[PDB]
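Presented as structure tokens, the chain that follows is alone, the form solved without this ligand.
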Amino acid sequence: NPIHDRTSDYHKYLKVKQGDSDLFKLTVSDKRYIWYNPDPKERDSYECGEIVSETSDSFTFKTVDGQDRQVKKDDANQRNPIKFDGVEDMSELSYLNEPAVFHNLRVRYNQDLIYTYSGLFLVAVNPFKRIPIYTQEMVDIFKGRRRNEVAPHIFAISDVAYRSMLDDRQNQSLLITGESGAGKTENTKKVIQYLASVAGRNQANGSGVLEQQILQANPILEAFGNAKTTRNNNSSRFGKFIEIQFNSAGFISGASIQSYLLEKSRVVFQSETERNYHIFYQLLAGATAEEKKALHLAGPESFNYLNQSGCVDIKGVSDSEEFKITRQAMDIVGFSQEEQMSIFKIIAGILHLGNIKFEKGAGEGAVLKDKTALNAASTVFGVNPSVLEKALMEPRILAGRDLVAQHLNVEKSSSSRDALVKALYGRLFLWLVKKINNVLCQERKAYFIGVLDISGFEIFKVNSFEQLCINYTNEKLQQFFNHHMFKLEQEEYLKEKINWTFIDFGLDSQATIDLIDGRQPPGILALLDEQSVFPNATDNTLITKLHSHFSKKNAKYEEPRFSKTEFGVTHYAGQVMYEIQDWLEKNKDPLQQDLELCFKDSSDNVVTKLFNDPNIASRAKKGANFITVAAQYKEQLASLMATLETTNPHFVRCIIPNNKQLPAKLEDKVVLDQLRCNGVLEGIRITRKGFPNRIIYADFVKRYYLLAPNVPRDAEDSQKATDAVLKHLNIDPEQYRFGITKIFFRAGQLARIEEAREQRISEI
């Protein structure tokens, strides 16, 4: 039984070295330490100092050098007794503060234990090297085991989700976070491989190519949906939910992908040093001479949509080699060579559209002097250039019953062209997903286990509308986690008959969510929509209105002291300041019907599907004319949340250890920022308000019997013995609660009992 055999790879790579005699009697004294910040500006960089003095409301310790400081006991981050080093769940720590959480992750990472639970979360730190814990032999160990029967592992989360799906006949979701480099793509692959292995029905037919197809969808979706931003070279700018589907007997039957919230604005504008979506650079770098000739291609410097940010390449990334991978993936998921060329023609056409330069003609009317870009776009799109030219500068509308051409000026023509580009790109993205699903989903499912990953909580020096949307999505998903943790905690306290009550943790997020999307009183999105109706509004009247409705009236909002154009929102991950510039423009999403009429007549098979398929195209309207971008956003998010609320969720948090791609180098500043952005610290905050440590009575007595007079180590009535120890030590009863089978302790109290044990043993 490898789970008990200290010589197995299960023990070598998934358990703490302790074994039995090793980590258990390695001395210990009576000295206590504290975690502190050597430089107050870097709040996530710590060192360990020795406590020296001790007073009423403060401690006194010597910095790692010898200098001295003091800290209000109310703010001190004490270090846990050595017995707590390496625990498999952060909830087992007694001092539950940020540096202590990092320390435990580090004790484990330094022994190559990359998986650690933190309450409901499975935290997975990229080791930046291969560890042999994904073999068939490891799969067999996890098969059918409960989370508390085995060490932390992505296979444990996967198995529990699979058994719950079968036992409860309920779909499951696995919400996984992590920026590129965190190991999220690899962990998601392990989930899929694990499910294919335990739910495989491979005898006779083999396992086919479904797994391979699901994995190959990645390079395609990343090429069109990921981009370099100032904080990550490969940032996902969309959300995706990959359903691994099963038949009624529990065997894998197929998969499906659904995308959400793609950032279409990036196609037409990118901030300094960022890039447009990777596919544009891949195509220009890897197309063959003949493909460049037929698509009228040139270098990225030659296109307005790729030459404004100052950055066209990524250090260490070959866009040409990445294009090769993208095409190979397209072959595997079934795109014909002709469909692939049509996809590239549309990407080329978007670039040519971006190069059209509208000029003021004789009067205000826009005109096109040089028809080069127009003609190149028309050729690759398979449309009539005269029709496209008129649809761009003289789109017709109905004035009463009369068809009238609105002759646009330069600004409106440029804007319409951009709107056409964003529509083409978004529809193309939906068509790619639909085409991939043509091969992934060929049987009606009975159930599914879906993996969700979306853009992570984002903070830049200057944050705009796109960032508020991304962060609002993250806020809603964190409330979803909080609510589920609440339901699970309610059941644990009730099962133990613990005398402590609490309300739905999801309510802690309501103030921020209401600030953003409330309707009554109206939140930010509602006031942005209100300000998008009349021409009297400006970005300045918009922020004045936000300050008027929320400054000093909503605790989660801040009118900054020294900026007239930013407003602050306190999210679970901290405060984010948002710049209002251009929000009114960004909320408008109209597309001229004459442009759709133009493209509906394309001679290209894929272009016609983007404009004739009522699903990919159109949507509806609003009994009016068009839904704002904020209303579209809110609706896609609501659709995603409704899907999640039908499932039983599981949460995985993948972490980058450092930003140098170096193994064995866990950095606190880098790790703590991610734990803050991914909700782990929010889970810890909640955990600290209750009773995190829960100890079976007999185990408490076995360890602490010596701290009280005449209490047998193996006392027959473990509850009375536990009470005798607590009463003799004069523990404040508010710091613990007796349960039917375990004693519950508030943060810090068990560490103090452990410290008393260490002291008593050294005395003896």
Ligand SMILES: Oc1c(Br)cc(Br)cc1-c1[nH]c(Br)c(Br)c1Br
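We number the residues from 1 along the sequence you see.
One more form of this protein should be noted, the form deposited with this ligand bound, which is absent from this view; the next part is about it.
- Site annotation in the bound PDB entry: the residue of 688, 293, 619, 487 reaching within 4.5 Å of this ligand with a heavy atom is 619.
- Out of the listed residues 352, 427, 571, 650, 427 is the one that sits within 4.5 Å of this ligand in the bound PDB entry by at least one heavy atom.
- The stretch in contact with this ligand in the bound PDB entry, judged by heavy atoms within 4.5 Å, is 417 to 425, chosen from 494 to 502, 533 to 541, 203 to 211, 417 to 425.
- In the bound PDB entry, at least one heavy atom of residue 264 sits within 4.5 Å of a heavy atom of this ligand.
- Contact check for residue 589: a non-hydrogen atom falls within 4.5 Å of this ligand in the bound PDB entry.
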